[PDB]
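Residue numbers (PDB author numbering): 1 to 41. We put the CB at the ideal spot given by N, CA and C, even for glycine. Comments concern the structure below.
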């Protein structure tokens, strides 16, 4: 008797959004950012 669809929808949305927004040009920035950050060592 719980609204599982709420959590499922929310999570699913964030995931789909993140991916779609990731495959975009944002990937470049995200990549460089992480890379450089790890380069510091």
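So for residue i, helix, strand or coil by DSSP?
i: residue 41; result: coil
i: residue 1; result: coil
Among the residues of its own chain, which have a CB less than 8 Å from the CB of residue i, if the five just before and after it don't count?
i: residue 35; result: none
I need the boundaries of the alpha helix (DSSP H) containing residue i, first residue and last residue.
i: residue 8; result: 4 to 23
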